[PDB]
């Protein structure tokens, strides 16, 4: 044990009293299947059970049916007999050299607008945002849904993983004083991609946008910008977006509220380096409110 060896000689220690470990998961295997009937795209993971790929399949299916922005047609998700899970979907040839930021904003807004539900805010099944569970139980009030099943779940999860009771308490003050940020606007459920950043966006041979790896649910359309800090969205993206889905009162005031969910998720997934970003946002809203 060279780690133990170094720590007990050179590190000047005589006993190791605790070891806490995170990480270590295995990444998906991504495969191109070549057959006499064309290509298929397959992703396998021997360590993870089938729930994650099933939620992806149902997310791709719901966005595919709006018939707006191009997504891979999903074919099958399930369990590997050897252990693990898989998904099979349409193979798409990426790499459109021009790209089209305005086309992405237009097509995304068409998906928000066309994707409708009579059941309120939520989704048919729970799925995941990264590896974190995403709770999707149907609710009729957006402020109720987002405060409890989005911010509230992530805060409670950080209190349990890190004993971070400070962010848990300040966060729940925010959740309780949140309503003025919504300025009495009426909020219609929209089919959201749910995890929209650079790694999930591509362009096909006609230079049309394609989006991948969803964490779908029906929510406030503005929540789909909550990963924008890793997206490179320009003014041509937003102006093409707002042409189809016009900008609502309080849009600028709420941008941080929707980033906050993903900053909490990154904290809970990737460590306390992200805690300052989340805490900074919570402090400003408490001041502003």
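Positions refer to the first chain, counted from 1.
Looking at 75 to 83 and 196 to 204 together, the entry lists the larger mean B-factor for 75 to 83, computed on C-alpha atoms. Averaged over their C-alpha atoms, the temperature factors of 92 to 100 and 130 to 138 are higher for 92 to 100.
Highest C-alpha temperature factor among 56, 256, 224, 65 per the entry: 65. The entry assigns its greatest Cα B factor, within the set 210, 178, 109, 215, to 178.
Ranked within its chain, residue 46 lands in the highest third, by CA B factor from the PDB record. Looking at the C-alpha B-factors along this chain, the one for residue 250 belongs to the middle third. Sort the chain's modelled residues by C-alpha temperature factor and residue 18 lands in the middle third, per the entry. The PDB entry assigns residue 52 a C-alpha temperature factor belonging to the middle third of its chain's modelled residues. Ranked within its chain, residue 219 lands in the lowest third, by CA B factor from the PDB record.
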